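# Overview (structure and organization)
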Amino acid sequence: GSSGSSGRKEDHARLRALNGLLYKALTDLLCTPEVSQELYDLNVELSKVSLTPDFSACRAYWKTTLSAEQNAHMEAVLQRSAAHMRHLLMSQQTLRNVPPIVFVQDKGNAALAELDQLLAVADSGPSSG
């Protein structure tokens with residue numbers, strides 16, 4: 001879930017280092033089609049990485065297109081190309097704990113209306129008298 005306050009100093013050090021390390025390492029891999037041949041062909045480019053406060057799950061946002069079909073194909077290839085990527089990063093001993101990387105759609109089409117009651121109800125009386 002969450003912890004709350006920051007606390008120690010390193011806390012922020014690991015959060016910034018881990019967030020930046022994964023962001024720099026992740027984007028670096030997408031630079032050479034050596035490993036991610038399919039990924040490169042797509043020409044994907046990271047934009048922002050969202051890491052959990054508990055240092056458990058590691059979410060990453062990548063520039064997506066305006067087409068579900070296109071995003072699906074890219075997401076499918078990028079997703080399956082994550083596991084291997086995770087190992088490639090492990091090499092960097094500097095990294096203490098490397099959590100699982102999960103790609104999430106930026107423009108995640110989310111339409112959830114909070115309409116429960118449907119009836120114009122209200123008390124008012126503009127009648128002067």
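Positions are assigned from 1 on a per-chain basis following the written sequence, which can diverge from the numbering of the entry; residues without coordinates are not listed. Computation of side-chain values covers all heavy atoms of the structure but excludes hydrogens and water.

Method of determination, as given in the entry header: solution NMR.

Attention now moves to the sheet that holds strand 3 (residues 101–105). Paired strands, as defined in this entry, are two strands with at least two bridges between them according to DSSP. Each helix corresponds to a stretch of at least 4 residues labelled H or I by DSSP, and each strand to a stretch of at least 2 residues labelled E; elements are numbered beginning at the N terminus. One open sheet holds the three strands; their spatial order is 1-2-3, and the pairing between them is mixed. Looking at strand neighbours, the two that pair on one side only are strand 1 (46–51) and strand 3, the edges of this open sheet. Each strand of the sheet is rotated relative to its neighbour by a mean of 30°, with strand direction disregarded. Pairing between strand 1 and strand 2 (residues 58–62): five bridges, direction antiparallel. Bridge pairing in strand 2 links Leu 51 to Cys 58. Contacts are assigned to residue pairs with any non-hydrogen atoms lying within 4.5 Å of each other. Angular values range over 0 to 180 degrees, each being the angle between N-to-C directions of two axes fitted as lines to C-alpha atoms, with helices fitted over their stretch in contact. Along the sheet face, helix 1 (residues 10–29) touches strand 1, strand 2 and strand 3 and points at about 145° away from the line of strand 1.

Checked against the element boundaries, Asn 71 lands in helix 3 (residues 68–80). Of the residues examined, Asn 71 reaches a relative accessible area of 8% and is grouped as buried. If we skip the residues at most four places from it in the chain, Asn 71 touches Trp 62, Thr 64, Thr 65 and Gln 105. The cut-offs for exposure are 20% and 50% of the maximum accessible area for each residue type, with area from a 1.4 Å probe on protein chains only; residues under the lower value are buried, those over the upper are exposed, and the others partly exposed.

Turning our eyes to something else, we now look at helix 4 (residues 82–90). Looking at helix 4, one finds that the buried residues are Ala 82, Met 85 and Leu 89. All buried residues of helix 4 lie within an arc of 55° about the axis, which places them on one face of the element. Check the buried side of helix 4 and you find it contacts helix 1, helix 2 (37–42), helix 3 and strand 3. Here the arc refers to the directions that run from the helix axis out to each C-beta atom.

Another aspect to go through is the packing of helix 1 against helix 4. Relative orientation of the contacting elements helix 1 and helix 4 amounts to 115°, with a least axis distance of 10 Å. The handedness of the crossing between helix 1 and helix 4 comes out as right-handed. Across the interface between the two elements, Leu 22, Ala 25, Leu 26 and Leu 29 of helix 1 pack against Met 85, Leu 88 and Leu 89 of helix 4. Classification used: nonpolar for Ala, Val, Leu, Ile, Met, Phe, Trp, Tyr, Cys and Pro, charged for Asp, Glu, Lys and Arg, polar for all others including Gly. The class makeup of the residues in the contact of helix 1 with helix 4 is seven nonpolar, no polar and no charged. Left-handed is the label given to a crossing in which the near helix is rotated counterclockwise from the far helix by less than a right angle, and right-handed is the label when the rotation is clockwise.

What follows concerns the environment of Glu 69. Looking at where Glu 69 falls in the secondary structure, it is placed in helix 3. Measuring from C-alpha to C-alpha, the distance between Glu 69 and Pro 126 comes to 54 Å, with 57 residues separating the pair along the chain.

Its identity is not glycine, yet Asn 43 carries a phi of approximately 75°, on the positive side. Among the secondary structure elements, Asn 43 is positioned in the loop between helix 2 and strand 1. Positive phi, normally seen in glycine, also occurs at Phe 55, with a value near 65°. Position of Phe 55 among the secondary structure elements: in the loop between strand 1 and strand 2.

In this text, buried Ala, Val, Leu, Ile, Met, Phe, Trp, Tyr and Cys residues form a nonpolar core when linked through side-chain atoms within 4.5 Å. With 24 residues, the main nonpolar core has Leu 22, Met 85, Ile 101 and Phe 103 as its most contacted residues. Among the elements that line this core, the one with the most residues is helix 1, at five residues. The residues touching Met 85, leaving out its near neighbours within four places in the chain, are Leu 26, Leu 29, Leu 30, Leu 39, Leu 78 and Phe 103.

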